[PDB]
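Everything below concerns the one structure shown next.
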Amino acid sequence: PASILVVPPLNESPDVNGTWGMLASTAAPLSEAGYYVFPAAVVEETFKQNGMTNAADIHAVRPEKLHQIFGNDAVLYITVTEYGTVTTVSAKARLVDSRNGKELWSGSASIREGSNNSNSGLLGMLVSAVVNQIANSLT
Amino acid sequence: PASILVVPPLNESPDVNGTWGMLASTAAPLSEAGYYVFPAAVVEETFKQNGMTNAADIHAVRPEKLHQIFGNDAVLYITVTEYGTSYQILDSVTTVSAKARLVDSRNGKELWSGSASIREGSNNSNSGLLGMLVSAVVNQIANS
């Protein structure tokens, strides 16, 4: 999978802004990991021209249709399942082969930080440490 | 807090490998965030020379005592609460969860606390993608 189409994430949380800015935050980590990410503005514009702005709609489109349009190897689907305040955010994701709809990868994360103090520095160190541990496990 | 002592993390999971190498993994992100930290090998050796190697013993020491030894402003305590894989027929799912708190080493006051629980399908493990997911989730927390 050289290239990834990231669709707007589904929001299954009570909070509107639960997904605000999230699609944008995926670009950098994915390029770092060696994937070509389809640029967001063009993707947004393509969906709009095709009469789709709603995330639920887009997540319902068959991956084969998406391939017809963009030529992406894969599609990244993200859903925020928790968002609210101690602030907690939880989300899950799957990477799907766009030609056959086969699942390529699946994962989820839930992260909490005491409302009393806010620091992505320390939060970043913690999640990084947890990901380091999984990378070294029996897989 | 500028200087941070990371003590050997507590393992509260059935898996003994649950914390292997974790102490080392905290150095880059902490320095990249601007804190000053000691190398894992240096910390481990100082505890050994002071008669301590067991993480539960260490997490029990009063922070003020730690400050007497290292001169650190704060102490970072990490606990792994889950580590393993649910072995199911069509796929196994690996889960790691940890919680942490940063405390002022002079008076024991808590300065920060957080936790993370991360899961991945075993059939198609991929640190890159798990990385981008946790990274996205932390970004959402940051902008709230």
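Candidates are the residues of region B:88-105 that are more than 9 Å from chain A (Cβ to nearest Cβ) and within 30 Å of B:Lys65 (Cβ to Cβ); the one that is surrounded by the fewest Cβ atoms within 10 Å (Cβ to Cβ) is B:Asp104. The residue list A:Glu12, A:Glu32 contains one member that is more than 25 Å from B:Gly114 (Cα to Cα), more than 12 Å from the chain's Cα centre (by Cα), surrounded by fewer than 18 Cβ atoms within 10 Å (Cβ to Cβ) and among the acidic types (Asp, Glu), which is A:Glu32.
Confirm whether A:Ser108 is facing chain B (nearest Cβ under 7 Å) and buried (at least 16 other Cβ atoms within 10 Å of the Cβ). So A:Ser108 passes the test.
Scanning region A:111-121 for residues that are small (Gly, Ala, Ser) and more than 7 Å from every other protein chain (Cβ to nearest Cβ), we see that the one that is surrounded by the fewest Cβ atoms within 10 Å (Cβ to Cβ) is A:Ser115.
Between A:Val131, A:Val80, A:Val127, A:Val61, the distinction of being more than 20 Å from B:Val138 (Cα to Cα) and either within 13 Å of chain B (Cβ to nearest Cβ) or not hydroxyl-bearing (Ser, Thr, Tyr) (or both) belongs to A:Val61 only. Residue count for region B:127-144 under the criterion of being more than 21 Å from A:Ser115 (Cβ to Cβ) and surrounded by fewer than 20 Cβ atoms within 10 Å (Cβ to Cβ): the result is 2. Looking across region B:17-43 at every residue that is among the aliphatic types (A, V, I, L, M), touching a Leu at 6+ places or on another chain (Cβ under 9 Å) and more than 19 Å from B:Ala55 (Cα to Cα), the one that is nearest to the other protein chains (Cβ to nearest Cβ) is identified as B:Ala33.
Bear in mind these aren't lab numbers, they're just calculated from the coordinates by the rules spelled out. In this analysis, Cβ positions are derived from the backbone assuming ideal geometry, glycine residues included, and neighbour counts consider all displayed protein chains.
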